[PDB]
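Undergrad: Chains B and A, in that order, are what the protein sequence lines are.
Going by the deposited numbering, the first residue of the first sequence is number 1, and it counts up by one from there.
Going by the deposited numbering, the first residue of the second sequence is number 1, and it counts up by one from there.
Please read through the structure below; I'll follow up with questions.
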Amino acid sequence: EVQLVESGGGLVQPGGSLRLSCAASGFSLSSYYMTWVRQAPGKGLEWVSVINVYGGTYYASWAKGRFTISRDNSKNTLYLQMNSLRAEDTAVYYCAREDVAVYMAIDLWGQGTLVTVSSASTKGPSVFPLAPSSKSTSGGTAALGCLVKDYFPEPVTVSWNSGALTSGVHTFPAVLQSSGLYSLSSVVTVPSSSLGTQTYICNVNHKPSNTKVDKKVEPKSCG
Amino acid sequence: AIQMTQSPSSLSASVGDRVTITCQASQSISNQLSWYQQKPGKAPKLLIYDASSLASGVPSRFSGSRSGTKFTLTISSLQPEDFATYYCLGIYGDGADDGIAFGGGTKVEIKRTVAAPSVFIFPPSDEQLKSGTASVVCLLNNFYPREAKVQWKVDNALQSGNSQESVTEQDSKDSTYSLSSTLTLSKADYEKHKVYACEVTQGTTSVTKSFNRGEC
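Next comes the structure, spelled out in structure tokens:
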């Protein structure tokens, strides 16, 4: 019932600007210290910025005068404006609530948003089917999936049957190919007798390009 | 100007072992140190605040202790759902002069008994062949340990420098893994052959799943 939802973020060219926002639900951020904390891919947590309950702003050495933290009390939203972004700035940025009066820690976070600073251009993914085969598949269980290939940048979100199929679903992490584009797969295991009567659609979402793909995976016969 | 030295970077243990993470402060932060846990794709969750105080809804097998500038997070009985990365956060007063410092992080893998994967193989679809590229994917579902020798054969000829592998994070229930091996070729190289196979070797066992073009 208490949430911090972050929006903004995606592909940004070096030297370009971006603005991230963090909407609070269930409380007023005007009564707490607020913080932005980043994490580069496969690395640790790096403190970025803090805003006070009075409005006082503290920044880090590497981001002094380059970033700007703010909050709108009417809209009850935190903001981070980034202006001179470099390649070492690509990271997942998190919005967090600091409880200095009791915990002296961070008691509330939001899901991160990925900011990618690169000179490459945005490209949508191709979604091919990993079709289930005949009833020669390790008994009564079958394997099917979707191959999401040739997209940029991260991230991509996959789901099955609009979120109705979750068990036995594996969405693999993305792999950077030689071409500079990403590629992954998402597989799900189902009972073999489900094929033919139950439909299986993977839902690929690529917000950096505002692209959404729904591919119905159907069995491939023999003959 | 304060730094948090966390140790170790990673560690493996079995279900029930007692594991210890240490955090060293550059100066003295008094008690303003907190421990957090982060699972893949998720934001960290506050485990411990003020060095040795438990949070709301955190099991008692997580404990925190202080000795001057050395802080210790202990998991008394490791459970299959503790697979994560653990961080310490120390704040010198108000955070000024980089007073807010995170630790380097500790990735906690889980040791369990060997489990064999279920191996599936998917040929490239015709929709993908229309574009002059073929990706054949070999899936390894629910295996342990993460180590696995996945090789590709085309007409019983071994391939190298031609595929890419991707591993899931350790399952939060049965501490298992899933692996995908994608072998990429041109349309011509795919038409030049018939029998394709991936062989997974896991110790003394090596199971090969195959398919031949055209026939089924």
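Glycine residues also receive a C-beta, built at the ideal position from the N, C-alpha and C atoms.
Over what stretch of residues does the beta strand (DSSP E) that includes residue 191(A) continue unbroken?
TA: Not the beta strand (DSSP E): residue 191(A) falls in the alpha helix (DSSP H), residues 187 to 191.
Undergrad: Straight-line CA distance for residue 58(B) to residue 33(A)?
TA: Their Cα atoms are separated by approximately 19 Å.
Undergrad: In angstroms with no decimal places, state the Cα-to-Cα distance between residue 189(A) and residue 157(B).
TA: Rounded to whole angstroms, residue 189(A) to residue 157(B) spans 32 Å at the Cα level.
Undergrad: Show which residues of chain B have a CB atom less than 8 Å away from the CB atom of residue 127(A).
TA: Those are 128, 129, listed as they occur along chain B.
Undergrad: I want to verify the contact list: residues of chain A whose CB lies under 7 Å from the CB of residue 109(B), in sequence order.
TA: Ordered by position in chain A, the residues that pass the 7 Å Cβ test against residue 109(B) are 43, 44.
Undergrad: Less than 8 Å separating the beta-carbons of residue 142(B) and residue 192(B)?
TA: Yes.
Undergrad: For residue 98(B), report the span of its beta strand (DSSP E) as first-last.
TA: Residue 98(B) -> beta strand (DSSP E) spans 91 to 99.
Undergrad: Report the rounded CA-to-CA distance for residue 114(B) versus residue 132(A), giving the unit in angstroms.
TA: Looking at the two C-alpha atoms, the distance is approximately 32 Å.
Undergrad: Need the endpoints of the beta strand (DSSP E) that residue 165(B) sits in, please.
TA: No beta strand (DSSP E) contains residue 165(B), which DSSP labels as neither H nor E.
Undergrad: For residue 144(B) and residue 216(B), I'd like the C-alpha separation in whole angstroms.
TA: Each residue's alpha carbon lies about 11 Å from the other.
Undergrad: Would you say residue 87(A) lies against chain B (beta-carbon separation less than 8 Å)?
TA: Taking Cβ atoms only, chain B reaches closer than 8 Å to residue 87(A), which makes this a yes.
Undergrad: Comparing alpha-carbon positions, which option in 110(A), 1(A), 118(A) lies nearest residue 47(B)?
TA: Looking at the Cα atoms, 1(A) is the closest of the given residues.
Undergrad: Helix, strand or coil for residue 208(B) per DSSP?
TA: In this structure, residue 208(B) counts as helix in the three-state DSSP scheme.
Undergrad: Under a Cβ-count criterion, where at least 16 other Cβ atoms within 10 Å of its own Cβ denotes burial, should residue 86(B) be classed as buried or exposed?
TA: The residue in question, residue 86(B), is exposed, as its Cβ has fewer than 16 Cβ neighbours within 10 Å.
Undergrad: Could you tell me whether the segment 61 to 71 of chain B touches the segment 9 to 18 of chain B, using the rule of 3 or more Cβ pairs below 8 Å?
TA: Contact between the segment 61 to 71 of chain B and the segment 9 to 18 of chain B is absent, because fewer than three Cβ pairs lie under 8 Å.
Undergrad: Let me make sure I understand the geometry here. Which of 180(A), 107(A), 115(A) has the alpha-carbon closest to that of residue 9(A)?
TA: Out of 180(A), 107(A), 115(A), 107(A) has the C-alpha closest to the C-alpha of residue 9(A).
Undergrad: Going by DSSP, name the residue or residues bridged to residue 23(B).
TA: DSSP lists 5(B), 77(B) as partners of residue 23(B).
Undergrad: Can you find a C-beta in chain B that's less than 8 Å from the C-beta of residue 27(A)?
TA: Cβ-Cβ to chain B under 8 Å: no for residue 27(A).
Undergrad: Hey, how far is the Cα of residue 182(A) from the Cα of residue 183(B)?
TA: Straight-line Cα distance between these residues: approximately 10 Å.
Undergrad: Which value, in whole angstroms, describes the spacing of the CA atoms of residue 125(A) and residue 129(B)?
TA: Roughly 6 Å separates the two Cα atoms.
Undergrad: Any idea which residues DSSP pairs residue 72(B) with across the strands?
TA: 77(B), per the DSSP bridge assignment.
Undergrad: If we require 3 or more residues per run, which beta strand (DSSP E) segments fall completely within the segment 112 to 173 of chain A?
TA: Listed in chain order, the complete beta strand (DSSP E) runs (minimum 3 residues) inside the segment 112 to 173 of chain A are 118 to 122, 133 to 143, 149 to 154, 157 to 159, 163 to 167.
Undergrad: Under DSSP, the beta strand (DSSP E) around residue 142(B) begins and ends at which residues?
TA: Note, residue 142(B): beta strand (DSSP E), 141 to 151.
Undergrad: Residue 1(B): buried (16+ other C-beta within 10 angstroms of its C-beta) or exposed?
TA: Exposed, since its Cβ has fewer than 16 Cβ neighbours within 10 Å.
Undergrad: Suppose contacts are defined by Cβ-Cβ distances below 8 Å. Is residue 3(A) in contact with residue 101(A) by that definition?
TA: Yes. Within cutoff.
Undergrad: For the segment 202 to 220 of chain B against the segment 63 to 74 of chain A, do three or more pairs of beta-carbon atoms, one drawn from each stretch, fall closer than 8 Å, so that the two count as touching?
TA: Cβ pair count under 8 Å is below three, so no.
Undergrad: Would you mind telling me which residues of chain B sit closer than 7 Å to residue 68(A), beta carbon to beta carbon, in chain order?
TA: Those within 7 Å of residue 68(A) in chain B number zero; the least Cβ separation is about 18 Å.
Undergrad: With burial defined as no fewer than 16 other Cβ atoms inside 10 Å of the residue's Cβ, what is the status of residue 155(A): buried or exposed?
TA: Under this definition residue 155(A) is an exposed residue.
Undergrad: Beta-carbon separation of residue 85(A) and residue 28(A) under 8 Å?
TA: For residue 85(A) and residue 28(A), no; Cβs fall outside 8 Å.
Undergrad: Measure the alpha-carbon distance for residue 155(B) versus residue 25(B) and round it to whole angstroms.
TA: Rounded to the nearest angstrom, the two C-alpha atoms are 25 Å apart.
Undergrad: Going by beta-carbon coordinates alone, are residue 37(A) and residue 21(A) separated by less than 8 Å?
TA: Against a cut-off of 8 Å, the Cβ pair of residue 21(A) and residue 37(A) comes out as no contact.
Undergrad: Skipping 5 residues on each side, what residues in its chain have a beta carbon closer than 8 Å to that of residue 160(B)?
TA: Cβ neighbours of residue 160(B) beyond the five flanking positions: 166, 169, 186, 188, 200, 201, 202, 203.
Undergrad: When you check each C-beta in the segment 136 to 169 of chain A against every C-beta of chain B, which residues fall closer than 7 Å?
TA: Answer set for the segment 136 to 169 of chain A: 137, 139, 141, 164, 166, 168.
Undergrad: Does the beta-carbon of residue 36(B) have 16 or more other beta-carbons within 10 angstroms, so that it is buried, or is it exposed?
TA: It counts as buried.
Undergrad: Looking at the secondary structure, which residues open and close the beta strand (DSSP E) in which residue 222(B) lies?
TA: Element bounds for residue 222(B): n/a, residue is neither H nor E.
Undergrad: Name the chain B residues whose beta carbon is nearer than 7 Å to that of residue 49(A)?
TA: In chain order: 103, 104, 105.
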